[PDB]
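Below is one structure, written out as structure tokens, with a few remarks after it.
Cβ coordinates were reconstructed from backbone atoms using ideal geometry, including for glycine residues, and neighbour counts include every protein chain displayed. What is reported rests on the model, the rules as stated and the sources as named; these are not laboratory values.
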Amino acid sequence: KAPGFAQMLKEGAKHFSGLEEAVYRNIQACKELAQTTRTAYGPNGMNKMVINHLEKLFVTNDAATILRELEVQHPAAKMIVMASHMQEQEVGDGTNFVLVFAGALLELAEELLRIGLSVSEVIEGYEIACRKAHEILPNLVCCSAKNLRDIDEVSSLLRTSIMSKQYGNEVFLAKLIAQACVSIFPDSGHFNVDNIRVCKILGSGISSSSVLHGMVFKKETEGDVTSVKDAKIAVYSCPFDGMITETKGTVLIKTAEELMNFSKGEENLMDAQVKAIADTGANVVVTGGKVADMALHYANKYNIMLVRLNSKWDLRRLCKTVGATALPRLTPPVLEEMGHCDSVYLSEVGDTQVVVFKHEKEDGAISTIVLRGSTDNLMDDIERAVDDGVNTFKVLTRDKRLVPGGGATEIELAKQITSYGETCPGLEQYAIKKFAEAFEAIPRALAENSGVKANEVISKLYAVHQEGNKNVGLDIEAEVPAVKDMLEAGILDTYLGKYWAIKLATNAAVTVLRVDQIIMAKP
Amino acid sequence: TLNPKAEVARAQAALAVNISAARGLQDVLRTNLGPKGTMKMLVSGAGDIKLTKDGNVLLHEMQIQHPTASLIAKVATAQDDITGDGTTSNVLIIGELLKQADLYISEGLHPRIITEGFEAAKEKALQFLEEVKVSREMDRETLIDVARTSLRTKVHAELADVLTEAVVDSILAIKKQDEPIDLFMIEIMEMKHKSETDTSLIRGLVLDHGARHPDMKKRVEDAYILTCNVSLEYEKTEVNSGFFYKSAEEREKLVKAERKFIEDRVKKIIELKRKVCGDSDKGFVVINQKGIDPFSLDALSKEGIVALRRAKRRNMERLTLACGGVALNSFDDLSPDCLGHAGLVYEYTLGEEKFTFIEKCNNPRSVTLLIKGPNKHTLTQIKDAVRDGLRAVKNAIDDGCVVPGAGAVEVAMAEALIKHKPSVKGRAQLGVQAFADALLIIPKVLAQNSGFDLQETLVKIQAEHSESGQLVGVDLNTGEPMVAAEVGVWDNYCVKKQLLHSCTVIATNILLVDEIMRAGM
Amino acid sequence: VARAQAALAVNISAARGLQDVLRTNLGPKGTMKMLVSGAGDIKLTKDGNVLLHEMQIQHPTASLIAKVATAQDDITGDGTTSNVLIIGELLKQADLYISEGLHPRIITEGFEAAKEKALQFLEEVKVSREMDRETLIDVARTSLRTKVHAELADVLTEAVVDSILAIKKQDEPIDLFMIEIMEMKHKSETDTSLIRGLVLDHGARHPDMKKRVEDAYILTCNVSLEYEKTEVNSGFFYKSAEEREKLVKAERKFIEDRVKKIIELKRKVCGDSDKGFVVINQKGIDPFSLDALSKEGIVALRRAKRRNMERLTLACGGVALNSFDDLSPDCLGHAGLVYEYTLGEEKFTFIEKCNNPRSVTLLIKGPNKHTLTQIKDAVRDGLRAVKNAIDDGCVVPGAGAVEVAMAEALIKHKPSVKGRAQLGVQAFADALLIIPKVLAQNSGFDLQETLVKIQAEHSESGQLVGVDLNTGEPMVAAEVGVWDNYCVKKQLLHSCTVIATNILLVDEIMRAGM
Ligand SMILES: Nc1ncnc2c1ncn2[C@@H]1O[C@H](COP(=O)(O)OP(=O)(O)OP(=O)(O)O)[C@@H](O)[C@H]1O
Ligand SMILES: Nc1ncnc2c1ncn2[C@@H]1O[C@H](COP(=O)(O)OP(=O)(O)OP(=O)(O)O)[C@@H](O)[C@H]1O
Ligand SMILES: Nc1ncnc2c1ncn2[C@@H]1O[C@H](COP(=O)(O)OP(=O)(O)OP(=O)(O)O)[C@@H](O)[C@H]1O
């Protein structure tokens, strides 16, 4: 009826008017997404009480776990989540850097629109300041790596990735990842993140863990074969039991004399299926399902090493390692769906029998980090720290450039951008000045999580950078609000990880600010 | 005077409904005009999110709520078919035509008198349009500035330079010696795992399914192309026979006897390879669309023959035009007269899949434009930007007359319609006066999207007067009156010809309605 | 609440609301409005001043426009409802550009530029014709035909033209206090005329009086000849009713000694034949004194007013007398025909054919009460229009010929303060064309039909074009005799720029608390 809905004319979608500030609703959409991860940044950040959709409880503080479980529905806030998945590509750090800096970009952009600045002019000042931010970032590089492929160089530089993923394991996790990547580091240009597979066994704690070469499974060998150098690996996801035909196959039992005939016939058919693997020359059989007791007798008869893997995630790891495809039928004697491995043997680590899949005539790039833990909740948090620890050094196969962290490269970048924004004439000096103040929220998020007043830390950082004392970052202490040198403490992040993080967070401010209306459409 | 199961508006308020409905649609589409405009969001309901600025996607695929605004959405479906350009600017004319006509209806004027002035002002603006257009010959310099006008509105000013050279060289290679241009000759392909600035041109054709064998050549300098449509896998019988066997073990032997009709045709491919250019530094490529058995692939891959399978029907049509090979439907009639040839046949690998290329041809009559992007919504937006960019350069070569952009035509057309005496009626000048201010909404809203003042921009471009030909337009960066013919802001003549024709027809039919009633609703 | 531009949108709706009300009473073809006092008083008028000052509106913004028309009649006396129709379209045409994002101060800067150009254009169209009898008829015809139902439009012109022409001599300034307006009942509406002499409310009431005196000497008196107090040191004392009869004869003897003194002054100065004597005593007269004067031929009048006595001083020439003890012949005047006009109920004394009265009385007759007040407000608007024609010798063409000619002169005009003042002369040109627009609706013709014909009429000469109230054709105002005042059109463009500024210059409205 009269009066009609102003500007809402497309499928009843809520189109806010000019007084209702339709562009301001997208700013509040990315503000609520940034506020869930603002207090989660840093080593003093708070954990998140994760309740999964399969009714499983989790306590973790990873930035990727928050975005995957908290199902966002606002598509204006989905531009940063799609940019955070772009942050997961080509680097393994900066997922919180995208959510905080682009969230502080749009929060400072709302103060510019309240004066009366156009959205087409502010967005041109962000792309100007983004190109100016890409020039000072090579100039902020203090030191670089030594490129000697030793344990001491890797473990000293890995202390940044272990920080804020799992606090307290700074001395343990820095040496466990360091023993794995140095086996792939002679292979120049071949360091890959999928080569390092993580396995977890329920044990005592972190200090009982160890590093092994090749593919290591926690399940022991079901057979009595200890070591065999057979290349043919036939993986079967079906359980070892009686043969059920794909045809009709009606088995009739009436009296007890037919009970002993068909039970012996199932044992004879189980003997024929193990013999169907023995003629093709395959002495390595991995069983996906359960193994019967009579099938264990046929394993030691033909001297075939039988191992049982119940989990499907570890069975899929062998499909992309040796090329063996899991067959659902009861052991089909084919050769094309098999794998290739030089030697497989059974060994013990920490009084636990594990099976090793390594290669001696091939160079070898598969490594397995056997993790031990009492609780499965905290053990999964260390498992994600391995993936964010290896991907921290997967980018170091490129040009090794290191920048100081902890607000050292944040205030120094905010100082030189404001100097470029002060001398720049025209109305575009307002957007560059707010691009520098968006860089101050990340040391503000680091100081507020440590129980320290944020304005006292920022003025302490701007006093030492005005005198030229570079590489000064936040001192992690709730009682001491002072600062410390970052080159002496050992915090050095990646230059390429800081390059894509400012680039993707600025383009997230480009994509959201270009959208000023949301319309639902029917196909 | 009304019946139930109906709703009839008897007074003159039914005219105020359709005027205020188009005035509401004007304020929606006025924020996305020009390169300084914003974008809109497409919510499919399931999760598919797209951002487009094209007025066809904002009206045809985009669904409406008001029934009166559904008629204007069908106008952009007719506008995209004839010229493919100007659907955002078409709604802004009708949005101010019915708003300006509402001032005279409140004074008691009939809508028939106002819609007669729109026909008189149409022919005056159309006769003025023949003196504004420039009949200069097209070249590389002008077609870039035509591409810089259309592509810069769907681009965030980072992909403007790398997409301009792609749409110019593709059109100039498919049109020469006054032949009619076909937009279906350009193949649009999409690729992931790269940046958005990696959009380049491919001389040949990108095929989806490639060869799956470790012994395949990664790059072939020269190879003979053989087009087939017969499956080289295990098929049924060809002669009057059947499936006769003694047991289940005998059935595998008759399949081998059935494969003898198939494997004989595989050996004829090797026979045509060795005799016809089977020396060193030579190759062979099979582009058979149907499936080929991997046992037959083992004998072909060892001889250096790159055999492909599982292609599309749209891909096989361009393969016959690129190499010139006749599609073979029977291997018994195999002859080298149906053999084609191509240049560098190589298979560039990506992060996920592999795709082959048949580039470096003399005249394949098919140019494939390969788009690369990291997202799905960015991959669709650049594809929407190319098809909007390919249509603006297509109209420039067929119709050699081009007009200056940046509102320079509509400002000069507003001067001609104001300085015009009534020739058909006395009261018809009130429709001419409303049509004179209707063309002024295009430099009016271009100042709002750029952030400048609406009245400071309109006055300064209207005060530009001299004793010579002068067409001035708007400047989105400075705000000063800028000559659009000098800086390189150019539009097509067919865009402005359909802008004057479609606006005087549709805004007539909205003004000529009297009552709105439900016929079964 | 609502701290935004909504304070401007509510004020223009009161301007559009007051425009649509007062647009039906412009010109002779328009309608009228009724003014009900709530008790039963009915008044019909087309004057916009009484339609805004006496008429009460509920809107507070429209009450400011009611104070505009009160300031319009004090300087000119015409064009009050035409003041509302321009400023209604001035704020209506301003809203077309304010919603586009323009500040109202910029449109105000363009309105003052259009005011100086239109005031310079008024100096070129004015006609400095010599003021005579014929040109004052056309000025009185444009003013009086808008308050008359076209049965008194021919009779009332010669009553107001000959009245102001009798008082316009020796380059003296025109004074409206010299014109006396009297009203009488029991007659028709067309029986009105001009009277050379004055009209007294109460006349002589005696059967022995003369019905007409052709020549007489008028003695100005102000002495109360009724039962008055003692002028000698005495008192009022009585013992019974018989003592009061002796006291009333001892008190009234101070009266009739003065009454016989007037007869002694009548017999001394011009006591022969072919003479006369009228008494114009303002105070009360003893009924016994009326028998003493009427036997010798003296017509005695009583119960006069204070303003009428000053007009009797200028008519006859007698000095106002305060005591009869020093009667002297220099207090005597002279007049011509002194007779009584007989009505159905009352009688009125008429003293016309004076020597040099310097005062003309307009006699307006009407059958009804509300008919008398309508012509009384019509004669005051008609006499002030001719007074603007005599003092200001230049006149302008009527029938909206100035406003259409100003619309073309404002189109061919470039601003010299800024470029954004181009809408200020644009909206001022469109709002001035509402007078040929509203004259088409009141006449019953189409609005856009006669607007085209009044704007297409151009030539290579000096030619004015106006609207036709009968046929709707282009009509030259000089050829038919339709003329307005230059002083009214000068105050029209000056007052319209001030009032449309102050409505455009507000942004917030607050509730005061005194
Ligand atoms: N102990 C510390 N000392 C100095 N700086 C630190 C410390 N902990 C965190 N930072 C700063 O925090 C930022 C990265 O912190 P953080 O480890 O929370 O990111 P992240 O968790 O690795 O990202 P992701 O969620 O992708 O794993 C860097 O800029 C770094 O300088
Ligand atoms: N570089 C430029 N500078 C100034 N104005 C421009 C420029 N390029 C285009 N314009 C103006 O923008 C208008 C077209 O705007 P836009 O490209 O947003 O709509 P469109 O895409 O052409 O319409 P449709 O969606 O119907 O195809 C043209 O009329 C032209 O005058
Ligand atoms: N005979 C006529 N034909 C056409 N127009 C006329 C005629 N007489 C007067 N007018 C026009 O009418 C206008 C005056 O209208 P009207 O007398 O109704 O209002 P008004 O009494 O002047 O208003 P106000 O009392 O405020 O002065 C003049 O401007 C004149 O041009």
**Request:** Could you list, in sequence order, all residues of region A:110-125 that are in contact (Cβ under 8 Å) with a residue 12 or more places away in the chain and more than 14 Å from every other protein chain (Cβ to nearest Cβ)?
**Result:** A:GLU110, A:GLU111
**Request:** Search region B:39-51 for residues that are within 7 Å of chain A (Cβ to nearest Cβ) and free of Cβ contacts under 8 Å to residues at least 24 places away in the same chain and pair each with any residue that is among the basic types (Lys, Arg) and not in a strand (DSSP E or B) when their beta-carbon atoms are under 6 Å apart and the residues are at least 6 apart or on different chains.
**Result:** B:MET39/A:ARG514; B:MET39/B:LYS53
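Can you find a residue that is away from chain B (no Cβ under 14 Å), touching a residue at least 12 places away in the same chain (Cβ under 8 Å) and closer than 25 Å to A:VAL395 by Cα anywhere in region A:453-461? Break it down into steps so the answer makes sense when it comes.
Of the residues in region A:453-461, the ones away from chain B (no Cβ under 14 Å) are A:453-461.
This time we only want the ones that are touching a residue at least 12 places away in the same chain (Cβ under 8 Å), so: A:453, A:456-458, A:460-461.
Checking the rest, the ones that are also closer than 25 Å to A:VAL395 by Cα come to none.
Within region A:453-461 (the criterion being away from chain B (no Cβ under 14 Å), touching a residue at least 12 places away in the same chain (Cβ under 8 Å) and closer than 25 Å to A:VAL395 by Cα), the answer is no, since none of the residues qualifies.
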**Request:** Tell me, please, whether a residue that is buried (at least 16 other Cβ atoms within 10 Å of the Cβ), within 28 Å of the chain's Cα centre (by Cα), among the aromatic types (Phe, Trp, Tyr) and assigned by CATH to the domain that holds A:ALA29 can be found in region A:414-433.
**Result:** no
**Prompt:** Which residues, counting only those in region B:22-38, are basic (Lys, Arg), more than 8 Å from every other protein chain (Cβ to nearest Cβ) and within 23 Å of the chain's Cα centre (by Cα)?
**Reply:** B:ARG30
**Message:** Here's a check for you: in region A:5-15, which residue that is closer than 13 Å to B:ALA69 by Cβ, more than 7 Å from chain B (Cβ to nearest Cβ) and without any contact (Cβ under 8 Å) to a residue 12 or more places away in the chain is surrounded by the fewest Cβ atoms within 10 Å (Cβ to Cβ)?
**Reply:** A:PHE5
**Single condition B:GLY108 does not satisfy, out of (1) within 14 Å of chain C (Cβ to nearest Cβ); (2) among the small types (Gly, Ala, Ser); (3) in a helix (DSSP H, G or I)** = (3)
**Message:** Tell me which strands (runs of 3 or more DSSP E) are completely within region C:161-232 and hold 3 or more residues being touching a residue at least 60 places away in the same chain (Cβ under 8 Å) and within 24 Å of C:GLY284 (Cβ to Cβ), or say none if there are none.
**Reply:** C:179-184, C:217-219
**Prompt:** Applying the selection to region A:16-33, what residues are touching a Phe, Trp or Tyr at 6+ places or on another chain (Cβ under 8 Å) and at the interface with chain B (Cβ under 10 Å from one of its Cβ atoms)?
**Reply:** A:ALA22
**Asked** Quick one: how many residues across region B:52-74 are β-branched (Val, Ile, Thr), within 16 Å of ligand 2 (Cβ to nearest atom) and within 10 Å of chain A (Cβ to nearest Cβ)?
**Response** 1
**Complete:** Counting only residues in region C:389-404 that are of a type in the set (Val, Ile, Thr) and in a helix (DSSP H, G or I), the one nearest to the other protein chains (Cβ to nearest Cβ) is identified as C:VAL404
**Request:** Report the residue count in region A:65-82 for those that are facing another protein chain (nearest Cβ under 9 Å) and either within 16 Å of ligand 2 (Cβ to nearest atom) or within 30 Å of A:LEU396 (Cβ to Cβ) (or both).
**Result:** 2
**Message:** Quick check on region C:63-86: of everything there that is under 14 Å from the mean Cα position of the chain (by Cα) and near ligand 3 (Cβ under 7 Å from one of its atoms), which residue is farthest from C:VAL438 (Cα to Cα)?
**Reply:** C:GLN72
**Item:** Qualifying residue in region C:319-332 (condition: in contact (Cβ under 8 Å) with a residue 60 or more places away in the chain, in contact with a strand residue (DSSP E or B) (Cβ under 7 Å, 6 or more places away or on another chain) and closer than 24 Å to C:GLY197 by Cα)
**Value:** yes
**Complete:** In region C:421-468, anything among the small types (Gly, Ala, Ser) and under 21 Å from C:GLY88 (Cα atoms) is listed as C:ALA421, C:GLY424, C:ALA427, C:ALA429, C:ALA431, C:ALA440, C:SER443
**Prompt:** Has region B:121-140 got any residue that is surrounded by 16 or more Cβ atoms within 10 Å (Cβ to Cβ), within 14 Å of chain A (Cβ to nearest Cβ) and within 29 Å of the chain's Cα centre (by Cα)?
**Reply:** no
**helices (runs of 4 or more DSSP H) within region B:405-467 that include 1 or more residues more than 20 Å from B:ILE94 (Cβ to Cβ), among the polar types (S, T, N, Q) and within 14 Å of chain A (Cβ to nearest Cβ)** = B:441-450, B:454-462
**Message:** I'd like to check something: does region C:75-94 contain any residue that is away from ligand 2 (no atom under 16 Å from the Cβ), away from chain B (no Cβ under 14 Å) and surrounded by fewer than 16 Cβ atoms within 10 Å (Cβ to Cβ)?
**Reply:** yes
**Message:** Looking for something in a loop (DSSP other than H, G, I, E, B) and under 30 Å from A:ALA282 (Cα atoms) - is there at least one such residue anywhere in region A:365-381?
**Reply:** yes
**Request:** Could you grab me the full set of residues in region A:255-277 that are hydrophobic (A, V, I, L, M, F, W, C) and touching a residue at least 40 places away in the same chain (Cβ under 8 Å)?
**Result:** A:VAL274, A:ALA276, A:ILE277
**Fill in**
For region C:41-93 the number of residues that are assigned to a loop (DSSP other than H, G, I, E, B), polar (S, T, N, Q) and farther than 26 Å from C:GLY424 by Cβ is 3
